[PDB]
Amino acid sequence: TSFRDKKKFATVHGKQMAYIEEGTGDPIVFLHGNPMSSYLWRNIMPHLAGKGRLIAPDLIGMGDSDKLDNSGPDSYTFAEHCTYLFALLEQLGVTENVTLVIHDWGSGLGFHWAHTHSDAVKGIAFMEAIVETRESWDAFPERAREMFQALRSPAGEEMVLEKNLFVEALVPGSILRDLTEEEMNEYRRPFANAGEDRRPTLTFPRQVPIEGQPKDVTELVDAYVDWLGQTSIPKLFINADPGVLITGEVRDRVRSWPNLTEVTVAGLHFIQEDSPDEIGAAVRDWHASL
């Protein structure tokens, strides 16, 4: 909890939002995805200490951030995460010369933010990220396909709200090493309570843009992907071996993007737990050249 003690709190739309904030300078913003928190970045951030104002927010209802009132099936959508995070980013004075370091849904949020604040961005470092919409399930990793489809059905509530299956099944299956009990416990902690506390981890898989659904997210991702293909903003692609989300043909498409630096590290999906020092060193070295 010495990491957890380091968190500051800010009131955003009446909700207490937790975030790490260390140092001064232009912001380097680390965005976690599902079902993680700023904790995912704990071993990467020290590699950027003194290189800027390091910020890693706990997304709404995640980490040490407050949960939403009257939480339901429509709670914790992508748009809602935007409202809270963007406002948090605004309140923290994150408006210019921003470096983004992004993963999974953190990359959905980060890419969208950069696309809509294209003049405010110094560089984008991304990994195991949302870099496409999917026309079919055929392009969705077999590793999680059945689980994800089941989550895209009424069964999801049982799996997630009652059984915590995203945290308990999907996290460890996509890390190469074993987590310590301590680490897995911190990932459990925001979601230990059965019921609505675990809602962020179910809505996220339901927000993944597949076959046009959801419409708002599909359009949103399609827009930023088109823009990433043209923008001269420096990009660091942290490729994973073997990887999960960015493998095969997706990799080829990502590699066509302009002003792109690439480093490969060992990992599946939650690659921060497998190669944090290689990731941090790569981000530091690349950032230094911006």
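Note that residue numbering begins at 1 and tracks the sequence as displayed.
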{"property": "237-245 or 221-229, whichever carries the higher mean Cα B-factor", "result": "221-229"}
{"property": "Higher-B stretch (mean Cα B-factor, as the entry records it), 281-289 or 3-11", "result": "3-11"}
{"property": "Given 123, 214, 106, 173, the residue at which the Cα B factor reaches its maximum", "result": "214"}
{"property": "Selection from 42, 32, 67, 253 [criterion: highest C-alpha temperature factor in the record]", "result": "67"}
{"property": "Cα B factor band for residue 58 (lowest, middle or highest third within the chain)", "result": "highest"}
{"property": "Modelled-residue ranking by C-alpha temperature factor, third containing residue 177", "result": "lowest"}
{"property": "Modelled-residue ranking by C-alpha temperature factor, third containing residue 97", "result": "lowest"}
{"property": "Position of residue 169 among the chain's modelled residues by C-alpha B-factor, lowest, middle or highest third", "result": "middle"}
{"property": "B-factor third for the C-alpha atom of residue 162 within its chain", "result": "highest"}
